[PDB]
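First the structure, in the form of C-alpha cells, and then the observations on it.
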Amino acid sequence: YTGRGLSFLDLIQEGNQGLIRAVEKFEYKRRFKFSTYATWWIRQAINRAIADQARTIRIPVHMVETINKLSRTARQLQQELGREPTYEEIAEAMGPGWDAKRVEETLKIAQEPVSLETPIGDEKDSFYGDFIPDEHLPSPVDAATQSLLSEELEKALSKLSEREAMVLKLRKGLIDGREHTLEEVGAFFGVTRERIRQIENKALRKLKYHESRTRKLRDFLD
Amino acid sequence: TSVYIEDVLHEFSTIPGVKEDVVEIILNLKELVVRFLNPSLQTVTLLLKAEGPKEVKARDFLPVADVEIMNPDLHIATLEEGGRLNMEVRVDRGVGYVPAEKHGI
Amino acid sequence: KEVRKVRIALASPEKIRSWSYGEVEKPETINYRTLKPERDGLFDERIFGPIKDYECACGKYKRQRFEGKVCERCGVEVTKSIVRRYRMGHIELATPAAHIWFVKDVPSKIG
Amino acid sequence: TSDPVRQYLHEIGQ
Amino acid sequence: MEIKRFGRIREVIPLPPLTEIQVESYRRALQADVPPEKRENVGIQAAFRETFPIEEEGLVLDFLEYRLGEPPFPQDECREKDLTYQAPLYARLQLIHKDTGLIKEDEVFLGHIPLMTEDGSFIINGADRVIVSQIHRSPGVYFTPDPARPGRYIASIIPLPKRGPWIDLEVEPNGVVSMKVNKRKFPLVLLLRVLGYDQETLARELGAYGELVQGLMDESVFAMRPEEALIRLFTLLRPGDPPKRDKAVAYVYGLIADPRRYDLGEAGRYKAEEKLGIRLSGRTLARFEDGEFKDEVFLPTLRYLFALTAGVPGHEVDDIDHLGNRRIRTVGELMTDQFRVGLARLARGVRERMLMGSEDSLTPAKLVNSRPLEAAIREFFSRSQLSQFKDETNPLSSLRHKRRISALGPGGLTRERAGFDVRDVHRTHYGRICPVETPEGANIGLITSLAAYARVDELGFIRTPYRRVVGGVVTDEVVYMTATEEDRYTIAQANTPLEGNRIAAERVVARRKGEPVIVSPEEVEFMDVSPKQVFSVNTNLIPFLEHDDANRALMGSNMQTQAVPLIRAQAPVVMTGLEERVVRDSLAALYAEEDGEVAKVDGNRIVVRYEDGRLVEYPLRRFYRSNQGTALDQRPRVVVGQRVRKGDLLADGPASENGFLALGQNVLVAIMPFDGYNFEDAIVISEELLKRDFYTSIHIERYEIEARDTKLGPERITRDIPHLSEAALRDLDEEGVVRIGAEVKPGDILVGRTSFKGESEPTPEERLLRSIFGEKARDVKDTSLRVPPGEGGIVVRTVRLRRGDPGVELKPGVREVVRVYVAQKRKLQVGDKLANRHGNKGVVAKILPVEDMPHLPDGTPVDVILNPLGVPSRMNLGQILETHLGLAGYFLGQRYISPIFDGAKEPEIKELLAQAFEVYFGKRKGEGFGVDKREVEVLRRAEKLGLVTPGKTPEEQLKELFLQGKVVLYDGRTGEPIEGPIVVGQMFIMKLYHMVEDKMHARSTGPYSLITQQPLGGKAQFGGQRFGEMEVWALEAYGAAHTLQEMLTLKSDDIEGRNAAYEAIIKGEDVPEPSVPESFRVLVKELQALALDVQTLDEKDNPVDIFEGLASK
DNA sequence: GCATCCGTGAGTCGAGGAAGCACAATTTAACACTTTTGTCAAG
DNA sequence: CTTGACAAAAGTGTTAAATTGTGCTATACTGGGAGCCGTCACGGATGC
Ligand SMILES: [Zn+2]
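Line by line, the protein sequences are chains A, P, S, U and W.
Start counting the first sequence at 202; every next residue gets the next number (the deposited numbering).
Start counting the second sequence at 54; every next residue gets the next number (the deposited numbering).
Start counting the third sequence at 3; every next residue gets the next number (the deposited numbering).
Start counting the fourth sequence at 77; every next residue gets the next number (the deposited numbering).
Mind the numbering: the fifth sequence is residues 1 to 57, 63 to 1118 in the deposited numbering, read in order.
Below, the structure written as C-alpha cells:
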C-alpha cells in the first residue's frame, strides 16, 4: 500500500490498529486460521487511514471512494479509446445520476493543494509564495481613501442639525455598531418610529441638496 | 502620412492575392514623392484601385488636380490573379521627421 | 514604552500553554466544500481568531460593537482578523519529545 | 539505527 | 551587390546537418519507421526487451512488438490549443499461463510519446521546448592515481547513471585489496571468493607481480566455501538482516549481476573491452548462471590495477576529464532512460497486481497500468532541468540551443559543486567542443556548444573528421574519429600549404597527443578538414576571428544569439559563408523540394507546380509569436511563373535576406569619441536610421484571461462592466473582447470580465454614501484584463477557447479562456542595446539628427559613432578589419565572404581600398572638384603625425589615408573638419533582445507578500526593488539612519506605518514616525513556535508588548 | 599526536509561477408560521 | 408630534434529503525498496 499519500510506517501502525481490532473480533470456533480474518481488518484499517490522512484538505471516505471509482473508470475508458476521454464518456460510464458537470466538480474537488515552497528555475532562489499577493489586508490606497471618505462624510454631516446627524449615524452604523433600527433609535430619543423615519429622510434630502450644490463627495462612490 | 487599405484592419496583416504584406506596402509608400502644384494645398488623398495579375506602381494612382508623382516607376505591390488592392493614401505637408506615434493621423 | 533589549530563553510547557489560545486536537485544515476552517483544526477560528474582522463563525455578531466579545454559539472572539497572525496554538503530546536543537547540535547539551 | 524501518523490522523479528 | 570570396583552403566535405544531434538520436530511439521485425535492441525497444518478460514466480507477461500511431493533432493545432504534440504508443503483449498452457494476446495502449518536429524541438503543452544533451563521465573502468598517497592507484567501476553503484578498488597499506560499494568498504578477497576463484588460479594469474598477490591471499576466506563466503559478504554489506541464502544471493545478484538493476551500458562495455582487453558477454559485473556466480570484470580490473602499481610499460592511468572518457547523452538516451524508469514502475505495478484477483481470468490489458509511464514521461518533458524552454529569438538562437551540451541536470554536475577541472578546456576539445563559446558567469565551462563538424557517435563519444594523409599527399578520405583514437596519430593543420595534394612546406605544424609539434611531411598522418571544425556555429559566423580575443569573441558569439529579427534585416557585408547553411539547416526559410514552376504567390501561401505536375501548397507562417515574443514571419521571394531549381529559395524566414542569415543592419560606422555620448561603450546613432526604418522590429505580447466557475457564481466575460463609462468600453465589441486592429495603451481594457462579489456587508461610510446617492450596490465587480504599464500596441489576434471544444482540455472549473495577441512595432530608441559580431556592445545613448552627425566630403553622413577606446582594452581588432572591408565594399558596391583563419588579409583589404578610393576620387574629379581646404589642413596635420608621406600631392596623401582605412571626416555642427582622419567604414550591427522598453519599471504602492507583508518582486507582478544586505551596509556607511529605517519599516512592511505615511503624503503632511516591522513579528512568532521565549524589554527590563495586546490572553 | 566522521559554508541584482456495502449520526435546503420592522396614509 | 393598516426581511420550528462516519467483509497470505555520484576547506569531537 506504499506510495498512496502515507509513509510506510504510518501504514504499518494503522494496520497494527486493524490487527488489534481483528484480535478483538477473532473467533477460533470456525476453525479458520488467524491470517484469513486478520487480513480483512488490516487492509480495511490501512485503506481508511489512507482515505482520512493522505490529503492536506480532508475528504470524507465516501467522497474518496467516489473519486477512486471515477479515476478507475476514466483510466479504463482512456485505455479503451486510446486517448483521454471527455467528461461526457466518463459520466456515461459511471452510471445513472452522473453528468459532465458532476464529473467536472468531482475532479475539481480532487485537486490536491500545491506547496508554497516549490522552487521554480534552475537556481533554488524562488518559490510560489513570492508570486502570490496578499489580498486580505487593505492596501495603503484603500486605507487612505477610506480615511478620506470618513473625513469628507464627517465634514458633510456638520451641515446637518445636531439631532439629524446623530440619527443618521445611528441608522448607518457610524458609531461602529450595527445599524440601529427605527424603533431602537426612536426609543433612544423617546420618539415614535414614523417621526424618526421622516427626520432621517429629511436629513438625507438635505445632504443630497448639499452634495448637488457642491459635488465634493461623488468621487468616493465609485 | 496615412494609409487605409480596404478589408485591412492593422498594418500587421497580409492582404490576400498580394505578395507583399501591409508593412512592405507602407515601406514602399514611404519612398513616394508627391509634388503639390498649388502652394495653398496642405493635404491630398490619392486613391489606388487595381486588380491582379499586375505590378501596381506609383503611376496607378488616380490623377488629382495640382498633384504630381515625381517617381511613377516606384514599385508599390505585386497583385496576383484574383487579388484586389483598393486603398487611400493621405499625404500632408510639413517639416522635419514626425513619427507615426506623435501625429497619429 | 521603547524596546531596548531582547531576551531569548527556554519556554516552559506552562509558558507554552499560556501562549496558546487552545489545543489543536485535529489535523483537519479546512472543509473541502464550504472552504471554512474545521473546528479544533490547524486553522480553527475558535483558537486563532476570525478570518475577517468582527465576524464570528456562527454569523451572529458582525460589527465592532461587540469588540472583545466571545460568541456563545461558536466561541470565536469578535475582534480584528489580524490577530490570526499573532495567536498561537499548542499540541499536547501524549509522551514527551526531545527538542532536536538540544540533541544533534554538537556538543549535545542534554548529553 | 538511522533507518526506523530497519529498527522496527529487527524488533518484530524477535 | 556581387559577392567576392576569399580563402585558399578547399573543404573536401560539407557541414553535416546541424540539427542531426537532436534528430538522428530521437529517430534511433523511436524506431517508428523500421518495421518491428527489423528493430534492433536499442532505445525504448531495448527497454521493452530488458524489463519484459514479467514473471510472477506460472504467469508470464511477454512483449512482442510496439507501434506508434499518427498524432491526434497537427503541430499548429497543438500550439494553438496548448496541447502536446505526441503520438499514441500501443504495446502488443501476451499472457501465458505456465500451468494451464494458454496464451491471451491483445494490443494494450501504453499512452503517448511526444514527437519531435522536423527542426528538432518538441511541443510540450503548446510551448516549444528543447532537450539539451548532457555531458557526463563515460561508464567503464578507470584507474586514477591516489592523491593522498603517492605511488598508489585506485580502480573505479562506473555504470550508467542511476543504473548501479560505483565500485572502488584500492590497495590498503596492509597489502589487502579493499572493495568499496555504497560507502561500505570490505575485503575484496571475500567477493572474489564468491565468484568461485581458488588460490591456484589467483597465484597463476596475478602472481607475476609484487607483494599485492601475496596480500590478496587470506586463508580465512579461501578455505571458506563460496556459499558461506556469500553469506558473510551479505552480512558485511547489510547488517541486522537475518542470514538467509536466498535473500543473500538475490541481493548480490541485484547488486552486481542483475541486468535490470545493474547496466554498465554499451559505452561502458566498449570502454571496458578497449581498456582491459577482454570480451564481456553482457553489461554486468558478474554473471549468475547455473546457480552460481561467474566473474566478468573484477579479475581483469584487479590484474590491470596490480600491473599499473608494478609499473608495466603497457598500462597507464586514465584521465577523468579526457573527452574520450566523457560521453554525451542526447535526447534519445535521456528519453530512453525515462521510458525505462516508467516501464519499470509499470512492471512493478503489474507484478503486484497479477498475483491478486481472478488469476484464472486475466488479460494483459487489465494488468497493465500505464499511468506511471505517462507520468514519468510528462515529468521528464516538463519539469526536467535538461528540458529547457526553447530560445527562438532568431533561427540562429534555436540552432545553437539544439546544439548545446550541459554538464548539469539530473545525474550530472552542479553549478556550485564544480571545480576548475570540469570548467577548463581540455586538449581533446579540439574539433569536438567549441572552446570560446560558453555562458560567462556562474555557468562558464559547464555549458558548451558542439563544434561545427563534430558529431555524436552511436556510443555517445564526440567524433571529429580528419583527412587521411599517406605518402605525403592529402587524400579525400575523411575519417570521423574520437579523442582516444585521435591521440594515436600525428595530425597536421588545415592551413598547411599544399601544391595540389602534396604538402609543400618542409616544416609542418602538427599535433601529437594534443601538443603542438613541428614535423616533416613524411611524418604527417592526418590533416584537419578545415579551421571551421574547431569552433561552433556562432563562432564560425564571426569574420576575422583570428584578430579577436577569446574573452570578447565569447561575448560576440553569445550575443549573436540574442539579435532580434528586423523588418528590413540585411545580410552582413563581410560574411564567413555559413549564413546560407545556417538558414537552410534552421528550417526557418522555405525551399523547393525539386525542380518546378511557381504557380501562385501570396503573402499567406505559395502554390508550386513541380515537373511531375503535382500542385504543392506551402503555407507561410505569418506574424507568429515566438517563445521570446519576437514576430516570426516568412516573406515570399518568388513571383508567379518563375521557374525554380531544386533547393532554391521560396520564402525568406525570420532574420534572413535571400537565404542569408541577416541578424542586423549594415550601417556606416565612424570610430571616434563624440561629446562624451560614446563614454563607456555607449553608442551614438543617427536619426537617418529611424527615418528609413532600420533596427525596427515587431514584438507580439500575449495576454491571457480565464472565466471560471465560482461558488459565488460563474464569472462572465461581457462588455457590460459596471461603473464604467462608454469611453473605456469604446474598443470592446459585443462579446467583451477588444476588436482586432484597435490600438491599446496602458490602462486600457483588452477583455471585459465581471466577477461576483463576496457576500459581505459594506463599511458604514460606503453604506451612507450609497444611501445619499440612492444607488443600490450591484452584485458584480470589475475583474477585467487591462494592459500593464509600459506595454501596449495593436491588437492583432484574439483566440477564444470554450469548454467542450474539440481537443481543448481546459482545467476543471474553468468555463473559458481568452488570449489576446497584441503586436507593437518597436523602433530604435535611447537605452536599446546594440552589438556586433566581435563583442562590442552598448546602449544607444543619443539619437542625433542627420545634420549633426559627421559627414564624408561627398556629403554622406555616418550612421553610427563608436568609441575607439573599446578596442585597445578588449583586444578585438577584428571589428577594425571588418570596418575597413565594409568601407571598401560600400565604395565598390560589393559584399565579401572571408572565412575564419583563412580569408581576407591586410594586402587584399588594402588593394580593395585602393580600388574604392580610385572610384571615389575619380567621381569627384569627373564632377569637377579638386581638394578641399579642410582636406588640405587635415592632410597637413596627418603628415605632422606621420600618417602620410611628406612631399606627396594631396591626392596621393588622401589615397594613403584611404589605404589606412581613414578618411577626412567633417563635423556636422561646426563644419570644420575633425583634426585627424577618422576610421569610417560599413559595419554589421545587431539589435539585441535586451531593450529598455521591457526593462524599465517603477512602483509606488502595489501587491504585498503573504507572510512577511513585504512588496513582491518583478516587473510582471508589479513589485518593488530588492534592498538587500549590501545596500543596507552602504546606508550604514553613509550613516543615513533615518533613510535606512524608512526603507526597512515605512516603505517595506510597517503596515500601519506605510498606511499612515501614504495618508500623510496625500494630505500634504510629513510621514509619521515608523513602528516595529511585521518581519520582526514573524521572527518572534516563529522563534516562539520553536519553543524559544523571545521577549522584548525596556530600560527597566520590563516586558514590552510589540503586538499591541493582540497576542495576549 | 593523528586518522576520521559530521556539520557548515561557499556574491549581488533581474527573470524566471488502486474496494464496496449497509446503516446510523450530523447538516442543511425547503417550506410554514409568527415577529419585526419600513413605509404609507391621516392630520 | 401622534395612530392605525399593509408588505416584505429575518428568525423560529419541522421535514426529509444530502452528507458524513463508523462497522464489516472468515481458504491462506507473517521482515522494504531505493539508491547508488565529480568539492574544498575549516572547526570539532571521536576515538585509537
Ligand atoms: Zn459566533
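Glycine is no exception: its CB is placed at the ideal position from the N, C-alpha and C atoms.
CB contact check: residue i to chain W, cutoff 8 Å
i	result
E4 of chain S	yes
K155 of chain P	no
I68 of chain P	yes
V342 of chain A	yes
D335 of chain A	yes
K71 of chain S	no
Residue i in three-state terms, based on DSSP
i	result
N139 of chain P	strand
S1117 of chain W	coil
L100 of chain W	strand
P521 of chain W	strand
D67 of chain W	strand
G601 of chain W	strand
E353 of chain A	helix
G669 of chain W	strand
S366 of chain W	coil
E108 of chain P	strand
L1088 of chain W	helix
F191 of chain W	strand
Residue i CB to nearest heavy atom of ligand 1 below 7 Å
i	result
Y95 of chain W	no
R75 of chain S	yes
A59 of chain S	yes
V78 of chain S	yes
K234 of chain A	no
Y826 of chain W	no
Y88 of chain S	no
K17 of chain S	no
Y56 of chain S	no
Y23 of chain S	no
Below-8 Å beta-carbon distance, residue i vs any chain U residue
i	result
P170 of chain W	no
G1062 of chain W	no
Any chain S beta carbon closer than 8 Å to residue i
i	result
residue 436 of chain A	Residue 436 of chain A cannot be examined here, being either before or after the span of chain A that is shown, 202 to 423.
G374 of chain A	yes
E770 of chain W	no
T1101 of chain W	yes
Minimum Cβ-Cβ distance from residue i to chain P less than 8 Å
i	result
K605 of chain W	yes
Inset, instruction - Could you name each continuous beta strand (DSSP E) segment of 3 residues or more that falls completely within the region 269 to 345 of chain W, going from the start of the chain to the end? - result: For the region 269 to 345 of chain W, the full-length beta strand (DSSP E) segments reaching 3 residues or more read 291 to 294, 297 to 300, 331 to 334 along the chain.
Inset, instruction - Go through the region 885 to 916 of chain W residue by residue and report every complete run of the beta strand (DSSP E) that reaches 3 residues or more, in order. - result: For the region 885 to 916 of chain W, whole beta strand (DSSP E) runs of length 3 or above, ordered along the chain, are 899 to 902.
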